[PDB]
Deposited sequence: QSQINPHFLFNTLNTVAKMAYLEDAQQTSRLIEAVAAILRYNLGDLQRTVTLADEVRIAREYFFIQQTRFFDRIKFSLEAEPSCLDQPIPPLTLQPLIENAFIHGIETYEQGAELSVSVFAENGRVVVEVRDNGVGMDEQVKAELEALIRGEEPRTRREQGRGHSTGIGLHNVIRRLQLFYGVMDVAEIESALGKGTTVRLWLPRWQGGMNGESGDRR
C-alpha cells in the first residue's frame, strides 16, 4: 500500500510555512519553501509535459535541502547548457536518477561523496548525465535495466524510492517514441553514470 496521505502532508506543510512566516523564522521558511516546491511538483499530473528547465529547478531545491543536512559529507554539482532547457520531457525524470546517485554516495562515503548532474547537446540529442562516485551499481540490476532499454521486459518479481529507474526509462520510451533513451556506465569502485539520450525536440 501507500501508508501515508500526501495531500494531508502538503496542506500541513503549508500550515507550517504560515507559522514560520508569523514567527519570522527566515531560514526555516526557506527550507519549507523548498520541500513544498518538490512535493507540489511530485503531486502534479504525471502525464503532463514539462521542460528540462522545470526538472532542473526541482533539482536545485533538492540540492538546497540536502546541502543543509549533509554539507560536509557530499558535494553536489549541476551544469546545463541553456539552449537545452526548453526540451519537453516527462516530469519526475531527473529526480529518481538524482536520488539513486545520492543513496549510492551516502551509502558509500562517510565523507567524500560526489553527485554531479550535466545537461548538454550531443549530435541531435540532449544528454542528461547523472554521475556518482559510489561503489558501482549491482551487475544484475544493471543487466535488467539494459534489457529494458533494448525493449525486453525484465523478470516480474513480487513487491514490484517512489518512481524507480525502470519507470523513468519506460516513460521516456513512450514519450519520445524511441527505445534507446539511456545508457548506464558503472564499474566496481568507479561509480555510476546514468546518461539519458533524449531526441532533441525543439518544441
Stretches of the record's deposited sequence for which the structure holds no C-alpha atoms: 161-165, 209-218
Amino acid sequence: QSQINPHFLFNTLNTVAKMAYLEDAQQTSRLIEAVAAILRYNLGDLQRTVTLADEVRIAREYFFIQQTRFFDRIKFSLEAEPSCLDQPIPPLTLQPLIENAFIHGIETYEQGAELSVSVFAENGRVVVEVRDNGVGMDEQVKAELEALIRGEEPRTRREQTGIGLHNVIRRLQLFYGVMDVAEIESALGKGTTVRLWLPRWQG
From here on, numbers count along this sequence of modelled residues.
statement: Assert higher mean C-alpha B factor (21-29 or 6-14, deposited values) equals 6-14
- prompt: Should the higher mean CA B-factor in the entry be assigned to 135-143 or to 170-178?
  reply: 135-143
field: Third assignment of residue 70 from its chain's C-alpha B-factors
entry: highest
task: Would you check the entry's CA temperature factor for residue 194 and let me know if it's in the chain's lowest, middle or highest third?
output: lowest
task: Using the B-factors in the PDB entry, rank residue 149's C-alpha atom against the chain and give the third, lowest, middle or highest.
output: lowest
message: Where does the C-alpha B-factor of residue 93 rank in its chain, lowest, middle or highest third?
response: lowest
- request: Relative to the other modelled residues of the same chain, rank the CA B-factor of residue 110 and answer lowest, middle or highest third.
  value: highest
